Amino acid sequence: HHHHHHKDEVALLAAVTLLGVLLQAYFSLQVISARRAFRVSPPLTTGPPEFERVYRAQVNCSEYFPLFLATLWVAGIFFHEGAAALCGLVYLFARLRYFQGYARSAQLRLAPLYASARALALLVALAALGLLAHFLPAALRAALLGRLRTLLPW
């Protein structure tokens, strides 16, 4: 304390973040369940195709989850919190579908994969635009000022 909080500026990003964590946890329990169904004991991550697909779905989601988080927060802070949260929700939903698809067949992972990549790319673009909005004016001003300069003439 501090007589103000910035919780209000980030609660939706936080809610989507927690939702993402819960979804990852879900994936983990699904991998353990495939480990019982197809009798694959730790360590060792090879087995029947269906296990390898479930396993691999969880691994890919894990690898993308920090990318999602980073961009979600940057976009939400630099561009717009609500838009970022929406894209995040779409992303996470796409990822749930990716995992389910993959579990059934490699080919069925593909449509939700593409959906998830577009949402992520949108998040990136918002992050980039937000950062650009932050930095570009001061930079342009500094460049104009140096040019100015001229002076003691004109």
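Quick note: we count residues from 1 along the sequence shown, nothing fancier.
Trainee: On mean C-alpha B-factor from the PDB entry, just flag whether 116-124 or 30-38 is the higher one.
Mentor: Comparing 116-124 with 30-38, the higher mean C-alpha B-factor belongs to 30-38.
Trainee: Looking only at CA atoms, which has the higher mean B factor in the entry: 136-144 or 9-17?
Mentor: Result: 136-144.
Trainee: Would you check the entry's CA temperature factor for residue 51 and let me know if it's in the chain's lowest, middle or highest third?
Mentor: Top third by C-alpha B-factor.
Trainee: Mind checking which third residue 58 falls in for C-alpha B-factor across the chain?
Mentor: Tercile = middle for this residue's CA B-factor.
Trainee: Hey, what third does residue 87 fall into on Cα B-factor, ranked over its chain?
Mentor: According to the entry, residue 87 has a C-alpha B-factor in the chain's lowest third.
Trainee: Quick check for you: using the entry's CA B-factors within this chain, is residue 64 in the lowest, middle or highest third?
Mentor: It belongs to the lowest third of the chain when residues are ordered by C-alpha B-factor.
Trainee: How does residue 44 rank on Cα B-factor within its chain, lowest, middle or highest third?
Mentor: It belongs to the highest third of the chain when residues are ordered by C-alpha B-factor.
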